[PDB]
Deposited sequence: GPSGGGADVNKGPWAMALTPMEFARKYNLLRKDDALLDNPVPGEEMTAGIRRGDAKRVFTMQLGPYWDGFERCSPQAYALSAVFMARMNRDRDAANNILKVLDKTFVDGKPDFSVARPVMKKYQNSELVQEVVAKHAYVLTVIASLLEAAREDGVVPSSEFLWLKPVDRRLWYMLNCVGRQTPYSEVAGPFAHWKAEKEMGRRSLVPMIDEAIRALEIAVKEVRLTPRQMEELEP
């Protein structure tokens, strides 16, 4: 499906550009950007049963790999790949695995330290990678099912996220740096990165004339 938005396209898509007051450059609406990034953070973690089916199922894959059970992990990934051909993925294949590993030590440690679904599952993926490679390419089907999740998970191991998940990315890294879960959004790093990225791009005269204060 669609390419990830660049910082400028993202800013334009969410009406984040402002007259600043270097030539032919826009500023950012910080309050507005804060809210957009806060919106990207998604739901609080509050038991895996309340996760979307896709986050449920990939969490289970990663829990399996953390607990060194490649077979259970590959069986989910395998069934989801086939069933995806067919038309609708069978997320229920993940239920047995969740039941078995959701209360394991290494998983409880991740859940303890992260307040949002997206930041839990990012750290489950990071931890699963201490066992083996776990590429996005084992779960190609995710992009059309859930774009935000796909982008979050493809940013695990990266320095700089896609703007469309810059919120949950910044929050995730803030939680790791604080050493605790945070329910208060910690997304300021996403704002500063957007401002920097936007000031690098020149606007045309038409685009400058369309800027409001």
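Unmodelled segments of the deposited chain, in sequence order: 1-13, 35-43.
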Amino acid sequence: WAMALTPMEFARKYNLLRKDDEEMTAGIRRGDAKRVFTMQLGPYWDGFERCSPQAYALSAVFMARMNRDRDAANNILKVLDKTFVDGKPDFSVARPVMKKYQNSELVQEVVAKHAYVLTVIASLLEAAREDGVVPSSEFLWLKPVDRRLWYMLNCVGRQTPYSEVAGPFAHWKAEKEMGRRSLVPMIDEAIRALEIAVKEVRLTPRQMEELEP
From here on, numbers count along this sequence of modelled residues.
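The deposited model assigns a higher average Cα B-factor to 31-39 than to the other stretch when 31-39 and 172-180 are compared. Comparing 50-58 with 65-73, the higher mean C-alpha B-factor in the PDB entry belongs to 65-73. The PDB entry assigns the greatest CA B-factor among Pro161, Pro144, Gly157, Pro185 to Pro144. Per the PDB entry, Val85 shows the highest C-alpha temperature factor of the residues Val79, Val85, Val110, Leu118. Annotation for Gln102: CA B-factor lies in the middle third of the chain's modelled residues. Per-chain ranking of the deposited C-alpha B factor places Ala193 in the lowest third.
Ranked by C-alpha B-factor against the other modelled residues of its chain, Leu125 falls in the lowest third.
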